Structures are given as structure tokens and as C-alpha cells.
Amino acid sequence: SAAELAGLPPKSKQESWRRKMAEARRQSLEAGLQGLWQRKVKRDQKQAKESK
Amino acid sequence: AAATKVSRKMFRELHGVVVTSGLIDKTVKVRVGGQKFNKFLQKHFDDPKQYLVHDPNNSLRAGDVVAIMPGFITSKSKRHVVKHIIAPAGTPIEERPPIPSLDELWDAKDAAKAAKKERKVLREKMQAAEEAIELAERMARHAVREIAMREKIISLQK
Amino acid sequence: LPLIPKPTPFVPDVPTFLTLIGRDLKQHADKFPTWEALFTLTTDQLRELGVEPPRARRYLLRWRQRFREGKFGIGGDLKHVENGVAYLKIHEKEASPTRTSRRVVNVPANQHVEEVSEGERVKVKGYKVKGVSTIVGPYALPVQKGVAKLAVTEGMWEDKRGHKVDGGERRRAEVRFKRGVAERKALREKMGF
Amino acid sequence: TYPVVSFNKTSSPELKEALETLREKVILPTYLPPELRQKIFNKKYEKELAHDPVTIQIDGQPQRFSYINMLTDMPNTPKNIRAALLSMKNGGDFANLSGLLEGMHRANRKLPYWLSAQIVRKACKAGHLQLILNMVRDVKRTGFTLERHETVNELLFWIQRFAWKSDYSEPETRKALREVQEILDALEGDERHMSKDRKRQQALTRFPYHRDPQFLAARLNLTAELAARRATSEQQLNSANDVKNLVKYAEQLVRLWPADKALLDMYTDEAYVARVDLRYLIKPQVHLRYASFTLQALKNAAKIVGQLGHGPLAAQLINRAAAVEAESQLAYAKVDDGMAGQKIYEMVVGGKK
Amino acid sequence: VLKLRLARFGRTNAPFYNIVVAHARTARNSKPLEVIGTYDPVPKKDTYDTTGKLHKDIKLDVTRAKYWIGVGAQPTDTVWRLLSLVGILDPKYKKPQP
RNA sequence: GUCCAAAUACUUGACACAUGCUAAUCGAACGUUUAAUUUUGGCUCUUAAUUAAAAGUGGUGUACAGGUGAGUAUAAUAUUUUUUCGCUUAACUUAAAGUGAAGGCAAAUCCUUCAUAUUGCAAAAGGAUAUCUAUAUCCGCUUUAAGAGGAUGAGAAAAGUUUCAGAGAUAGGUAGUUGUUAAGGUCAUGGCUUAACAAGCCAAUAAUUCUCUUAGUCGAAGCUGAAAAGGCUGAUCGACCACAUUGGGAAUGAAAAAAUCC
RNA sequence: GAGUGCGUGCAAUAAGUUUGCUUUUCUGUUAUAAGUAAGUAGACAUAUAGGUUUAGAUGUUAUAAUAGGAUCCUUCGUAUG
Ligand SMILES: [K+]
Ligand SMILES: [K+]
Ligand SMILES: [Mg+2]
Ligand SMILES: [Mg+2]
Ligand SMILES: [Mg+2]
Ligand SMILES: [Mg+2]
Ligand SMILES: [Mg+2]
Ligand SMILES: [Mg+2]
Ligand SMILES: [Mg+2]
Ligand SMILES: [Mg+2]
Ligand SMILES: [Mg+2]
Ligand SMILES: [Mg+2]
């Protein structure tokens, strides 16, 4: 959020919740994508390596 | 940036025999060879197929052997094009209109397609300029009444 | 382990607590001999005493656990309660030379708002002042201009169970039509003829 | 909800004609549903209406509605109201305003901003202050909003005069002091009295109507006329209680009212410019009207507050009085002989009657 | 509305839950989009352990669950708690200290 | 015929059904009534309110879940693999901007319209809670950009697959129908659409059409064989199709995907 | 001779419904007309006052053209013969 990039504190209790939840979904997507990408690469290599 | 060129991808080449010709402009029925596998009998059966091949310059007579390529879409029922002639029928190959190369045929599409977009951008701009002049004329008659009525008040306050 | 919370002025005894949560739970008021038996007895012990059906028992265990956490219902904060009745009054202030902040406070029935200290002048939560002299809030009956009271009414804090209006959506037509046939009989046969 | 508007008490024949015209063509149609009301004002249904006129059950016998030419048949609402208003010389003649203004509220008739100020004057100069206060309290039906700064200034003026009439007698003053508080609470709490026009008038004065020095001086006038009489335990408790309000309001008005600022300088210079808000004060005839009681208030309050041992308040109140008295005297030398302004001030401040 | 929830499988008095990714308005046990993991409510006991401790066996694909949570998947109360223990999300309920 | 646990339990008349139940929920969307309680005014009548119940108006959900197998005889705008793409104003995530003005109903976040919303088309709705001796939040609403999802576009091209019930009759079928030129339309392709000519296209062993009989379809799903692209069934499980007394129909909505509605 | 949950032709037909050489009607813009009803503007004067007076810039009413949506009829259309 714009208010989060400017270093402003949460407006109220609920704002703190949304900030934490949204951040939990940000780190869950990064690790999810990068985590799943390594699986694919590790899997494709096995097929190609074992097929060659 | 605004023009979408054709794929221009080469495909497989099939050798067939022209069955019919001269019935419709730039089109001949070629008979190619195929094979279908019967899973129950574990036996291959001859599965010949007949397609409508696009003859651009009408340089094919019924009876000659040709080489056709798929993926060239010219009509609803036509998806094949003539690559070249293997063996002529009746007259030599040198006595018929030359078969345009696939590059030449593709260039016609791009040129024709590119020209089409040039017409649209002109029609769109003209239609927009033809509609902005009618919307600016309403402002004229509307702006004069306002200025003619608003200045009347301004003059009665000095 | 089962910590007991001290009674609050608005809820001095058990009969009051069981009366506020309604759901006809005041039948087992005599089961609990003391105030600590309500917060010490367990499920199994509430089943032998006769607290039934299971809906009323689980509902009591919930409000019980909800009382220990200080999640009181309307009127819980009240400190100046008298025999189950409290009085609300408007406390005017001066937030600016042209405004006025009115707060619904709870003071003794006899004393006046301006005759109380900050510690003895509680601000009841959930009650607001609309206009210059109207106290608006659930279960706030007016006594005078700027004075209202909260009588301890059965089902004060209860969570009403949704009741089907007329047989429900599926059966609404049948109950209405079937009841319309029992009305035209009294009008015509029992009374008309 | 409410009973249908009706006028059944008319002393003169002209009054009835003016009301019956407005009633049967501007007020009665408002009781119709939306669909049937879009037919009376159409020509395509003129022939059909003649055969089957619309009906509405109004206190028994249904009514009848035929074609009404919107441009010609419709009457001028402002004119008729004026005619009907001028021809009112009886208690029952003014009892129709509650119904009249109620009908115009149903018809969404934007009435003149100054109309509310006029009805208060004519109705109060005949002895019917209650009829006006009853409509102000019943603002949900009549639509007698206290939008204009003048209307509230005209209402409080008569309220004081009715108490000042009988030499500020305790029975009426006690009742009169309740009417002012009834209004100050309405302007503040009630929302029906708030409109765009009032927001513009508050932004020009920088004082809300409930905290306006001009209106707060009326409550300090009656409060000062109560402590004077007494300053029997039950009555002695009231006196001591009225001295607290006096010192409280006396200290609340001095804060708002700046130092040495009269009526024509209290508000911003941009308030007196526009004629739709706070321009009546400019005329000398109207300034002395609302400057008589407010002036005597400070003089009468400075005295009592001085007997109790309040130096600061005494000088403060006298400061405003000195600045208002000077401005008042100025307008007294310009008001034409015979105007109500010169008379009222002469009878109140001059103590001549 | 993608939801991380439990599909109950097992026999009478033998519950065995199956963590799935399915649309909200669908049958509980219908074939879901993905099967993240499994959950066993009844706590077990280590074979050669006389201390008396108990544990719950949960096979969960953290990597796959994280992606779905990042695109708007709404885990239920039961699953939210399980994810909290692993540290993916914050607890939805906490014990009152006072 | 002693006991216990698990799992199965109208396979037939989609025959007719007593009784109670299977879809409701929000008062922090909205006012109406009735009661008490406190107030005005006039001397019980009458204003303005608070509160609590009872019916509603609204929003969302009854498009999920659960039930049945009557009808239904298929190769089709059906289906994979790769390449290339399109749409998606409801809900779910992330963020930004905007949330003003009237009328109608008893009132409304219900109807109708208006101002503004990069240029010009084109929006919205208000409610609630705190602080001070107006300010700041909370739940919403509208629009915009993306992610996810989708029941989405006839998506397209290339190369493939799909054991298609049984019996009997039928040699023609196709009229934007097949192709060319030109133009529009489309992300693109395609008579997708139109104009103008040409007389083509599919099929011959039944393409096409017709009648009868029978049937919900499928899966190591169930049973069975040593095995066969095995055979049978089509209960419980999962997927798909159809139906809700029979027949004939439309709207709403992002989408009929209803035990709704006519 | 009896029956028929079957197909089909014709007549008929509820809900619904294609089309417009239909029958009314609402709204939207565009162009005019009016200023009496309303609403929005400006000018002058009055004083227990708030009256006189002109004006269309938004908007209101009227007509015309034009776009769209409901109605009426038309066509198709269960039952039924
Ligand atoms: K079936
Ligand atoms: K027929
Ligand atoms: Mg059965
Ligand atoms: Mg369903
Ligand atoms: Mg708003
Ligand atoms: Mg290949
Ligand atoms: Mg076609
Ligand atoms: Mg069957
Ligand atoms: Mg089945
Ligand atoms: Mg017919
Ligand atoms: Mg006029
Ligand atoms: Mg028939």
C-alpha cells in the first residue's frame, strides 16, 4: 500500500491485520512460485538426463 | 507494430494425383495416400483421402502428379496448397502458368492485410473527425447563447 | 485451572446472570448453590444436575467462558446499579467555544452529574446521545429529560434463535392457504349458517 | 399518517377563495398516487377524465379530479398565499397555516426564503405565538424550518416582547425562558432545520445559530429578569439556581462576542453584502428592532453580575453595551419618524411606552 | 472461491481427514482440484515410548499450499490453525491471558 | 441361530401418500404498525421521542447440498498432444482513485434521473463507533489495473484418437450450399456477413432420411477368467447426462447450473 | 369387434412469441416555441415591509424530427376435435 511504502503506522487495529495478512500472502506466493519452480526444473532434468 | 504477419511455417509435403480440375477457379481435387490402423484386427488399411487444393494460377490439369502442403488456409473447405508438379499430364510443365512459390503467396496475404488496416485507420479517423466537427458545432450555438446571455448580466453591474 | 471471575455490580448473583442470557435457563437457578458452582462445574456435572437439553447446556458453557474474558453484554460495565436498576445521565463538556461533547454516564439516581468525580463517573459503552437531551441505546427507557434507566429484563443478552415466520419458505403457501380455509368456515358455517 | 389538509374556518370570503384554490389544485393532487397524478396534467387523457373523473376517499365522500391545464389552470402559489395571509384577523384564521404550509411541503414548492420571517411577524403581532411554535416543533409535517438567520431573530424578538409586555412577570417569563431553550436545542440537535442555505449563513458568521451571540443574548435577557426579582425555600432554590445560569451564560457570551464589536460588525464583512443572508440588519428600522432587547440584556446583566462581585464580567458586559448602545443611537437619528423600529426602541430602551 | 479445507474420510468412529483445494460451493467429498495433504485427528503414541506423550500425524505439502494462499485461497478455521502452527499465517484465535 | 465390530440395505409401480421436518439469514440497510415509558399543546383529546416485540420492504443465498434413472441410441462446432490466442462488469486475493445533487413509495444500501469520472461515451449509498477541556477510524458502495478461477470463442493451425445398441426400409444429400474476385467483420482464421459471377461440394459399399424394439453412460468401480483392445453388471464410491405429476414456455443473472416463476 | 403414454395432416388454442403497408404510449437526445404553472436568473422600490418587473443561461412545459423500451394487433403456438 502507498501508506506502507511511506513508513506510516497502521491507522487502527484492523489495518494492522490487513497489513499482516497481505504480507503473509506476499511471502507465500514468492516461496510458492520459486519453490514449485525448483520442482519442475529438478523434474525436467531427471527425464532429460534419464532419457538421453 | 500494428500489422500481424502470417506464420510462414513450412509443413509436410504429400504426393497425390489430381482427380478433377476445371470445375471451379483455382481449385483441384487431389488424391493422397494414407493408412489407418485397426486396433481390433491389428492390421493397417489403406485410407486414401481427397482434399481441395488451392491452385493459384490454374496450372494443373486432371491426371498429373503434384506435391501439396497443408496449413495454407484460403477458404472454408481448402487447407492445402500446391508446392510443385511432379509429373505433368497432357502438356509439359513449361507450357503452363508458373506455380508461385509459397513465399510469393504469403507476401500477397501480408500486403493485402496490411493495405486493409491502412483503410481502417483512415475510415476511423475520418469518422472521428466527421463526428468531432458535429460535436464542436453544438458547442458553437451553445457557447454563443451563454456568452450572449452571461455578458448581458455582467454589463448591468458596473 | 477454572479461574472464577468476581461478580460485577450489574450481575451480583447467579439468578441475574441466568436471567440475562434467557433461553429459559432460569429453571436451573436452584441447581447452583453458590456463585462458584456455576464457574466450577463441568459438562458432565451439568448433565447429571438436569441441565438439558444439550443446547441449553452448551449455551450456558459459552456465556460462562464469555464472562471470564470480560466480554459482557449490554450494561456490563455499569458500576452504580441499585437492586437491578441503573440510571444514565448526560455529561456535557466543552470541546470548543462552539461545540459540546455529550457522553452517556452512569451515576447514582439521587446525585447529579456535575456532583461526581472522574473515577465515579463511568461512560457506559454502547449508549450515545442523539440531540441535546435524548439518550439512545438498547434497553434505555426514559425517566426524565436526559435520564434513562436499565431494568434487568429476561433475555437481555440472549442470542435469539431464528424462528420461521410462517412454516418457512417451502411451506409458506400451504400454511397460509390452509389457514385461509379455516377462516372462511367460521365466517360462513359456524357464524354465517 | 396525518389527516388530510382541510380549511373549515374562514372569517372573510376572500380567505376561503384563496385557500380553496390552493387546496383543490396544489394540495389535493399530492394525495394521489404517482401514476394517477401524471394523468390530470395530460391532454391525451382529457377526454377520458371527463367520462370517469378520478376519485379519492377524503373524509367520506370521494373527491373528483378533471383535466387541469398545467400552464393556465394552475394558480400562482406565492400570490395566493400572500392574499390568504393578509386576510387573517382571527384566531381560527391563523390556525390554517399548519395545514397550508403542510400542503406546500407535500408539493415540493420552494417557498421564498423570507416567507418564514413574514409569517412569524404577522402571526405574533396578533397574539398567536403558540401557533408558530407549534409548527416549529412540528417541523416534520409543516416544514417550518428555521433556515434563515432572520426568522430565528424575528422569533426570539417576539418571545421576549411577550414577556416584556407584562413587565417581565415571573409566570410568563418562566414559560418564555422555556421557549428560547426549546429553540436553541432544536437548532443544535434537530436536523430538519439544517439546509444548504443555513450552512452558507453559518460560514459567513462563523457562529452556529445555537452559539450565535445575537440569539444567546435573548436567553441572557430573561435570565437577567429573573434574578433581579429575587437575589419560600422552593422559590429561593430557583433564584440561587438562576444566578448560576446568569454567571454561566454571562461568561459564555463574553467569550463568543468579541471586544467592542456591535451588531453590524460582529459578523464578517462578507455576510452583510448578500441580500439573501443577513442584510436586513443594514436598514436602521430593522437594526433597532433586534438591538433593543439585546442591548437592555447586557445593561441588566452587568448590574446584577456586578453586585455578586465579578469585576471582569461587569467591564466585559459594559464593553459590549457601550459599543452596541453607540451604534443603536446612530440608527436612531436616521430612522424615519413613524417606523416601527423607532417606536419599539423608544418604548423598550427609552422606557416611555 | 478456492478453499483449503478437510474432506472427511473413514469409517464410523474412525475419522481420517483429507486436505483438499476445492471450490466453496461444492460437495464436501467431491473430487477436488488438488489434494494438498492428509490429517488425522486422533492422536497417536510413539511405539517404544512410555513417557506418555502424544502426537498428531499430518502430511502437508507446504510449498503447494503456500501458492494457493498467495492467490486468494481461503482456508477454513480448522485448516487455518494447522497453517498457523507451521508459521504460514497468524493465529485466528488466541488464549486470553487476563 | 450365541455374541461383537465394520460395511451394505425397494434391484419391482417415475404407483398413490396422513403427520413432523430438509434454506435460511442480517436491526451496524429501512421505515411501518401495536404496546408500555417519558414528553409537548389544549383542557380523556393531541404533538415530538425512546424502548421492546410482531409482520414486512430490502441485500445475499435457495444456480450449493441431497434424490431418482422415467425419457434418452451416439462420429460430434466431440476429444486429446504441441504451437498460437481471445473473452470474463458478480464472488475470492493485492493496490489505486472516487464516493457529490434531486424526485417517487410509509422510509430506505429500494426504484427514476442528474453533476463529475485521461480527450468523449460511461459510475456510485449510505450506515456505524470513538476522541476533544470539529477530527480520526470501522463495515460498505462505484470505477480502474492485475493475479486466481471460469460452466469461457464456433477459438485457430498441424498430426491423431474415439469397439458408433439390435432389426428393417431409403440414392441421393447440400442452397451461403462449393469456389473465385472485391469489401466488411475478427487478436486471427472460417459465406462468419454482403455484392457480383461460376455450378459446384458431399456421397455411391447407405452419405442422408425413416420406422420399430430395448437401454441412463463410463471407470481394474463391482464380480469373474490362466489369458485375449477378456466377459458380464452399470448397487454402494467418483465423473458425466437427464429429470422433479404430465405437457407447453420465458425472464432474471457474471453464468440456468432452480425442488423457483408463467 | 375393443383399446391405445405412438407418429403424422388439418382446424383450434393458454403462456410465450418472429415481423412491421399495425394501436396507443413512455423516455432519450437534436431543433424550435412559450415565460401564464413551476424552477432558475437579473433590475427597481417598499418597511410591524418583503412588492413591482423583464429575462432564458441550467432545468420546466409544448411541438417537430429522430433513437430506444414497454403495450395493442399480426404470425407461430400445449390442451382439444
Ligand atoms: K433411465
Ligand atoms: K395447423
Ligand atoms: Mg426405484
Ligand atoms: Mg442443484
Ligand atoms: Mg454521498
Ligand atoms: Mg506429430
Ligand atoms: Mg455456413
Ligand atoms: Mg428406461
Ligand atoms: Mg447410477
Ligand atoms: Mg391461429
Ligand atoms: Mg409565471
Ligand atoms: Mg394437437
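Residues numbered from 1 in each chain as written, not as in the entry; some residues may be left out. Chains lettered and ligands numbered in written order. Part of a larger assembly, values for the part shown. Heavy atoms only, no water.

The record names cryo-EM as the way this model was obtained, at a resolution of 3.10 Å.

### Considering helix α13 (residues 213-227) of chain D
All names here are of chain D. Worth spelling out the cut-off: Each helix is a run of H or I in the DSSP string that is no shorter than four residues. Each strand is a run of E no shorter than two, and both are numbered from the N terminus. Expected helix span is given by 1.5 Å per residue-to-residue step, counting one fewer step than there are residues. For each residue, the accessible area found with a 1.4 Å probe, counting protein chains only, is set against the maximum for its type, and the residue is called buried under 20%, exposed over 50%, and partly exposed in between. We define a polar contact as two N or O atoms separated by no more than 3.5 Å, with the added condition that, inside protein, one atom must be a possible hydrogen donor and the other a possible acceptor, whereas residues neighbouring each other in sequence contribute only through side-chain atom pairs.
In this model α13 runs 21 Å from its N-terminal to its C-terminal C-alpha over 15 residues, within 8% of the 21 Å that 1.5 Å per residue would give. A large share of α13 lies buried, amounting to 15 of its 15 residues. Put simply, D212 is the residue that caps the front of α13, since its side-chain oxygen is 2.8 Å from the backbone nitrogen of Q214.

### Some thoughts on the interface of chain E and chain A
Keep this limit in mind: Note on contacts: a residue pair qualifies if any of its non-hydrogen atoms lie within 4.5 Å across the two residues. Buried area: the accessible surface (1.4 Å probe) lost by two parts on joining, summed over both. Each salt bridge in this description consists of a side-chain nitrogen of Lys or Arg and a carboxyl oxygen of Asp or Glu lying within 4 Å of one another. Amino acids outside the nonpolar list (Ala, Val, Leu, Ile, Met, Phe, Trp, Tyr, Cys, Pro) and the charged list (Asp, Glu, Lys, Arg) are all regarded as polar, and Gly is one of them.
Residue-level contacts link 16 residues of chain E with 13 residues of chain A. With both sides pooled, the region where chain E packs onto chain A buries about 1,200 Å², and carbon together with sulfur makes up 64% of that total. By the criterion of area lost to chain A, the three top residues of chain E are E:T63, E:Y67 and E:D90, representing 37% of everything that side buries. For the interface between chain E and chain A, the tally reads one salt bridge. For E:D61, the salt bridge identified is with A:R39, shortest N-O distance 2.5 Å. Per-element tally for the side of chain E that touches chain A: the top contributor is helix α1 (residues 62-70) of chain E, with six residues. Residue composition of the side of chain E that touches chain A, grouped by class: eight nonpolar, four polar and four charged.

### As for the side chain of D:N80
Here D:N80 lies in helix α4 (residues 77-86). Contacts of D:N80, omitting those with residues within four sequence positions, involve D:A18, D:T21, D:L22 and D:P75.

### Considerations on the protein's contact with RNA strand F
Selection criterion: One heavy atom within 4 Å of a molecule or strand makes the whole residue count as near it.
The environment of RNA strand F is formed by 93 residues, the closest being B:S75, B:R79, C:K123, C:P142 and C:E169. For RNA strand F, the fraction of protein-proximal atoms (within 4 Å) that sit in sugar or phosphate groups is 79%. The separation between a phosphate oxygen of RNA strand F and a polar side-chain atom of A:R18 is 3.1 Å. B:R123 places a side-chain nitrogen or oxygen 3.2 Å from a phosphate oxygen of RNA strand F.

### Some words on the packing of aromatic side chains
Quick note on the threshold: Classification of ring pairs rests on two measures: the distance between centres of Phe, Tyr or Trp rings, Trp counted by its six-membered ring, which must be within 6.5 Å, and the angle between planes, read as stacked under 30 degrees, edge-to-face over 60 and tilted in between. Charge-over-ring contacts are defined here by two conditions on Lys NZ or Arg CZ: a distance within 6 Å of the ring centre and an angle within 35 degrees of the ring normal.
The tally for this structure, following the rule as stated, stands at 20 aromatic pairs over all chains. Judged by centre distance (5.1 Å) and plane angle (35°), the ring pair of C:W35 and C:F39 falls under tilted. Taken together, the residues span about one helical turn, with C:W35 and C:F39 both in helix α2 (residues 35-40) at a distance of four residues. Side by side, C:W35 and C:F39 carry an identical accessibility label, which is buried. Note on D:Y280 and D:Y290: the rings are 5.9 Å apart at their centroids and 80° apart in plane angle, and the pair reads as edge-to-face. You can see D:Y280 sitting in the loop between α15 (263-266) and α16 (284-307) and its partner D:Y290 sitting in helix α16, a full ten residues away along the chain. Looking at D:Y290, the relative accessible area reads 5%, which means it is buried. Taken together, the aromatic side chains of D:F157, D:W158, D:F162, D:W164, D:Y280, D:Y290 and D:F293 make up a single cluster linked through ring pairs. It is C:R66 that lies over the ring of C:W63; its NZ or CZ is 4.9 Å from the centre.

### Brief notes about the packing of α16(D) against helix α18 (residues 340-348) of chain D
All names here are of chain D. Defined as follows: Axes here refer to lines fitted to C-alpha atoms; in helices the fit is confined to the stretch in contact. Angles between the N-to-C directions go from 0 to 180 degrees. We call two directions roughly parallel when the angle between them is under 35 degrees, roughly antiparallel when it is over 145, roughly perpendicular when it lies between 65 and 115, and oblique otherwise. Throughout, a crossing is termed right-handed when the near helix is turned clockwise from the far one, and left-handed when it is turned anticlockwise from it by less than a right angle.
The N-to-C vectors of α16 and α18 enclose an angle of 20°; their axes lie 8 Å apart at closest approach. Taken together, the axis directions place α16 and α18 in an arrangement best described as roughly parallel. For α16 against α18, the interelement crossing comes out left-handed. Between α16 and α18, the residues in contact are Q285, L288, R289, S292 and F293 and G341, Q342, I344, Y345 and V348, respectively. Looking at the contact of α16 with α18 residue by residue, the class counts come to five nonpolar, four polar and one charged.

### Section: the arrangement of the chains
Between all three pairs of chains that are in contact, chains A and E come out with the most contacts. With no contact formed, the shortest span from any C-alpha in chain A to any C-alpha in chain B equals 27 Å. Where chain A comes nearest to chain C, the C-alpha atoms are still 18 Å apart, and the two do not contact one another.

### Considering the protein's contact with RNA strand G
Residues in close proximity to RNA strand G total 42 residues, the closest being D:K44, D:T77, D:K110, D:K122 and D:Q285. Sugar plus phosphate, as a fraction of atoms of RNA strand G within 4 Å of the protein: 67%. The backbone of D:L71 places a nitrogen or oxygen atom 3.2 Å from a sugar or linking oxygen of RNA strand G. Of all the elements in the fold, those that place two or more residues in the surface near RNA strand G are α1 (102-155) of chain B together with α4, α7 (115-124), α10 (149-165), α16 and α18 of chain D.

### Some remarks on the sheet that holds strand β2 (residues 14-23) of chain E
Residue and element names in this part refer to chain E. Note the cut-off: Pairing between strands requires that DSSP locate at least two bridges from one strand to the other.
Spatially, the four strands line up as an open sheet ordered β1-β2-β3-β4, and their pairing is antiparallel. Taken across any chain shown, the strands that pair with only one partner, and hence form the sheet edges, are β1 (2-11) and β4 (58-59). The pairing of strand β3 (residues 34-39) with β4 spans two bridges and is classified as antiparallel. Bridging from a neighbouring strand, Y39 pairs with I58 of β4. Strands β1, β2 and β3 of the sheet are contacted by α1, whose axis makes an angle of about 120° with β3. Lying over the sheet, helix α2 (residues 77-86) contacts β1, β3 and β4, oriented at roughly 100° with respect to β1.

### With respect to helix α2 (residues 13-51) of chain A
A rise of 1.5 Å per residue sets the reference length of α2(A), with its 39 residues, at 57 Å; its end C-alpha atoms lie 57 Å apart and thus fit the reference within 8%. Along α2(A), the positions that sit buried rather than exposed are A:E15, A:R19, A:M21, A:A24, A:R25, A:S28, A:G32 and A:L36. Buried residues in α2(A) make contact with α1 (2-5) of chain A together with α1 and α2 of chain E.

### A short note on the interface of chain C and chain D
Each partner contributes residues to the interface: chain C has eight residues there, and chain D has eight residues. Of all residues in chain C, C:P97, C:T98 and C:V132 bury the most surface against chain D, accounting for 67% of the area lost on that side. At the boundary of chain C and chain D, one finds one salt bridge. With a shortest N-O distance of 2.8 Å, D:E188 and C:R102 are connected by a salt bridge. At the junction of chain C and chain D, the tally comes to two residue pairs in polar contact.

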